[PDB]
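So the sequence lines, in the order shown, correspond to chains A and B. Taking the authors' numbering, the leading residue of the first sequence gets 1, the next gets one more, and so forth. Just so you know, the second sequence maps onto residues 5 to 211, 235 to 427 in the authors' numbering. Backbone N, C-alpha and C define an ideal beta-carbon position, used for all residues, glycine too. Read through the structure below, which is laid out as structure tokens, and then see the notes.
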Amino acid sequence: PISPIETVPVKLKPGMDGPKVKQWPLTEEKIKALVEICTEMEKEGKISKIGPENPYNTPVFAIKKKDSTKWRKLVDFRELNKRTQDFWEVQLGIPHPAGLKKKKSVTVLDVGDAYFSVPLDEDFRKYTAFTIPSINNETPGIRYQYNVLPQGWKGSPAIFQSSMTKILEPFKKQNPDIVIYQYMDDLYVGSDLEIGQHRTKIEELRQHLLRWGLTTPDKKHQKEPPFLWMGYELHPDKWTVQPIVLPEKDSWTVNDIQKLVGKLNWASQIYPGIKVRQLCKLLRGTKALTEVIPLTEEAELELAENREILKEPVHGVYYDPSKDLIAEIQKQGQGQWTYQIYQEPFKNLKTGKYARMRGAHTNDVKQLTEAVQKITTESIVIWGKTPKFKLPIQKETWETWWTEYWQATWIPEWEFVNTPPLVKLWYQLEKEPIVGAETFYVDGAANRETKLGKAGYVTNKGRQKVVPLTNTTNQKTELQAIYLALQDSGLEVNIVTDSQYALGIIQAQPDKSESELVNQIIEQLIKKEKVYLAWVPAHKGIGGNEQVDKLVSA
Amino acid sequence: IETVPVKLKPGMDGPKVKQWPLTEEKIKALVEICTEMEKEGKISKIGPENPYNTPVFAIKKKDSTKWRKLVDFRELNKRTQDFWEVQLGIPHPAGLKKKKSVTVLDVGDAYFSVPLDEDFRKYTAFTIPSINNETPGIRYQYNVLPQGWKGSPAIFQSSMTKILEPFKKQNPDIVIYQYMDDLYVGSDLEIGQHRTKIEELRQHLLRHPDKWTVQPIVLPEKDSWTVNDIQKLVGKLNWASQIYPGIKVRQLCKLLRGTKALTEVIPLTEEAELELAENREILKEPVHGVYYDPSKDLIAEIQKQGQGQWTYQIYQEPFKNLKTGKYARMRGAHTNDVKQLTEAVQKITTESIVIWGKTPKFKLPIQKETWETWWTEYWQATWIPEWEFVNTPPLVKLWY
RNA sequence: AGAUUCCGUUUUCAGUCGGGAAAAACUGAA
């Protein structure tokens, strides 16, 4: 049933010409099978014989199917794709089940064979030719060319989606009550209707497709509440996702390795991190698609960690477009936060963890905000509006912090929830110098060549330390120096640098850091009682400064 | 009409920008806005085979009634051939800077008449997103000068000129500067008598800079001069020299000579008494080096001042401030820094359009992520300046 | 003397560090 829809005009990448590749002669058996097969696709109209003129060619493969005299033959389109007009994939991502509203009547029509039904542009078909040597040895070869969206071809999906939509459009202007969501060969048709009248609409629809060659098999959804639209079991109040099985065969074939990627990657928009990125490196050195090729501990171990995650299933409620969205975040530890977006107390949509630390020195107040903004858009994508928050931070703690911060910030539907681990600015610096605090003039330095330096200070009283240092930068000394003066001082202390670097880090009220010295410097800061860090122009004869200046010089 | 041929800049292809996620609402909004334009035939659906894309969004205008389609043409504009043959908005007034009152009009809707060069339409492709990605996006292609395009106005330059000429020669002294989709109509007439002229100008089409002021840097007014009070002053005047090479701290540093506790008070002697007062003078005397060079970009830097206040400086070359200022949006409840910073951004670019005739390129004191998730919520302009996110150092103090 | 800034992805995601003052990395998965 080759659809009558107009064909999307495909081009090759400018500067390139179609593929030309040799076919490794297959076994007598394999060949006799590919023919057997090709002959009916030729019959169905899917492909067609062509003369040995057509310069271009792409390889064919596929072994015994384990059931009588047939084979499963899938073609290597790598080249053709490498030279094909890259299209414009028109979607921000895959749809999340939680995004679906609750409908009364829902059916999932799996449009079958949908690719072979949708016709390929004439002027590009040339490029899709393939042959069939198989003839044991005195082999010449059979020669075909597709007439419809090929299986592996790069266009297929993007062209198929465009076709599918042009076709639904009509039936859609006609049935505004009905909601059709497509995602590959699956048509989620929902409508808040009387199971009777729905049945009827589904009939109608099912026939429209037919008038366009799109045949919808009877082996559909007709009863089961757990419809599998995109692997999301769609019960009437609970969508779920059956744990993804991930095998590990003997003959770990290349394409297998590729498709494997798919499953992982698909789940990934639910299942937190799985990217078999280092297995992907095995694909960074491609060869015959039929060849087997394993990898080290990289490969072996990656699958496992993925599995662990893949084991525990997931699920949530649908999106009542009349009940509020509520996000709730909790500081479940250092640099890792958790959050849940729900609508009904124990009936949440998406839960989530958010490990991050955007900076070398951040603050909990700061990270909370990051987590907020992540969640904000994340909703705007899925639900279409920004949720209301319940955050582990007191309204006054925020208010002080933004006022005490050089950058502009903002949280939306902020609302305090006294949870156990709470967020607070661990310390704060003094706005004005402490009266009666020993004033520490600090400075450090280091020779670029040797990468050694000293760090010390002088004071309004008389104390005067200095320290030898190995393998550091002048920043590291300027920090060491602040540290010292912090150690060798009391609960209240005025300290003074010839360095905006260290000043800055500290000014930002860093909760933690990648920098141990900074952490050290922080530990002290939380322990002291009043600190006032000031800054003076290096090299000016500023008192006390010129002094520590000389002390650290060699 | 016969379309004016425009072409991308040498060796650059059309834009290919991904669309940002839109709220189930702005989407709906767009969707209707487009279905109409489609009916009016100003746009037209296109396929997946047009590899190009510019993002769109729903701004929402003036006293806020409805919705507006906003295409972030910034890229297609960077890739569009400059306009200089068909001199885009001919000489910049320069009068504008001075008039008692400039008013901006949205001449933009005119553009929808003139047909766009066919071999260029592909480059305006835009895509309306779908929730949960339950639907392929709706894709379109302009068939007329689009709203935010650089090409538009210059092409329509002549039609406009013929249109205003009468009214311009009719009122020989009301400056009219066209910038993008706007019409900056400046005059010095009394407010009431100004408005009429606008209305006269308005029928035709239907067919307050003079108060702006710069920031004079000043040192504090003290007597309680502690050591760091002086250290402070010293540091600033040091940096201030980079701007005014005449300012010099030395007699001040001399007061500081020792290892004095920061809290120690210190006697401001004539050494310094001379220097402060003398310096105070020069902080108000023009940095003769200022020059607005039409070939250099304007850069704007904004610092957060905590009291719902912000400071900004527009400059082409560092330390050569073409202008400096301070927006203080007292938002007792409307305290969305993001909303503020935004309003800051919008108010600074209009100032520059009216003066240099260009929107500065901003260095925003905020995290991309943040700026990226809320900006649209407050944006009210027909346009969108370029922006770079940054981390402000001690300038907050250095000028507040 | 030292110290800033921006960029490298540009429909998104999966994997890490360096240069320059308009100037410069890929594959795979969606």
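Excluding the 5 residues flanking it on each side, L209(A) has same chain C-beta neighbours closer than 6 Å at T216, in chain order. For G93(A), the closest Cβ of chain B is nearer than 8 Å.
The residue from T200(A), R307(A) and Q151(A) with its alpha-carbon nearest to that of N175(A) is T200(A). Taken in chain order, the whole beta strand (DSSP E) runs of length 3 or more contained in the region 310 to 391 of chain B are 326 to 331, 336 to 342 and 348 to 355. Approximately 6 Å separates the beta-carbon atoms of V10(A) and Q85(A); this is inside 8 Å, confirming the contact. At least one CB of chain B lies nearer than 8 Å to the CB of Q85(A).
Around the beta-carbon of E53(B), 16 or more other beta-carbon atoms lie within 10 Å, marking it buried. Approximately 6 Å separates the beta-carbon atoms of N57(A) and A129(A); this is inside 8 Å, confirming the contact. From the beta-carbon of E370(A), the residues of chain B found nearer than 9 Å are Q394, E396 and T397. The C-beta of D256(B) has 16 or more other C-beta atoms within 10 Å across all chains shown, which makes the residue buried. CA-CA distance, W426(A) to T397(A), rounds to 11 Å.
Close partners of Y342(A) in chain B (Cβ separation under 8 Å) are lacking, with about 18 Å as the shortest Cβ gap. Secondary structure at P243(B): coil, using DSSP grouped into helix, strand and coil.
Here the alpha carbon of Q278(B) sits roughly 27 Å from the alpha carbon of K347(B).
With a threshold of 8 Å between beta carbons, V21(B) makes no contact with chain A.
Short of 7 Å from the beta carbon of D549(A), and not among the five residues preceding or following it, lie these beta carbons of its own chain, in chain order: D443. As the crow flies, the alpha-carbon of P247(A) is around 56 Å from that of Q500(A).
Chain-ordered, the chain B residues with CB closer than 8 Å to the CB of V536(A) read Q258, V261 and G262.
In the DSSP assignment, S105(A) falls within the unbroken beta strand (DSSP E) covering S105 to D110.
When 8 Å is used as the limit between beta carbons, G273(B) is near no residue of chain A, the shortest such separation being about 17 Å. Taking 8 Å as the upper bound on Cβ-Cβ separation, chain A lies near residues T131, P133, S134, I135, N136, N137, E138, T139, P140, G141 and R143 of the region 131 to 148 of chain B.
Contact of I380(A) with chain B by beta-carbon distance below 7 Å involves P25 and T27.
Taken in chain order, the members of the region 404 to 422 of chain B whose beta-carbon sits within less than 8 Å of a beta-carbon on chain A are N418, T419, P420 and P421. DSSP places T397(B) inside the alpha helix (DSSP H), whose first and last residues are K395 to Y405. By the criterion of at least three beta-carbon pairs nearer than 8 Å, the region 378 to 389 of chain B is not in contact with the region 460 to 470 of chain A. The residue from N175(B), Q330(B) and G155(B) with its alpha-carbon nearest to that of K390(B) is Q330(B). In chain order, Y181, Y183 and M230 place their CB closer than 8 Å to the CB of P95(A), counting only its own chain and leaving out the 5 sequence neighbours on each side. At least one CB atom of chain B sits nearer than 8 Å to the CB of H96(A). Judged by DSSP secondary structure, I132(B) falls within the beta strand (DSSP E) whose first and last residues are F130 to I132.
Under DSSP, the beta-bridge partners assigned to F389(A) are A327(A). If you check the CB distance, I63(B) and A408(B) come in under 8 Å. Interface residue (Cβ-Cβ distance to chain A less than 8 Å): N175(B) is not classified as such.
Its Cα nearest to that of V10(B), the residue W153(B) stands out among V292(B), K172(B), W153(B) and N418(B).
If the five residues before and after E492(A) are omitted, its C-beta is found closer than 8 Å to the C-beta atoms of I434, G436, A437, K528, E529, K530 and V531, all from its own chain and listed in chain order. Per DSSP, reduced to three states, the secondary structure at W229(A) is strand. Straight across, the Cα-Cα distance linking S68(B) with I202(A) is about 43 Å.
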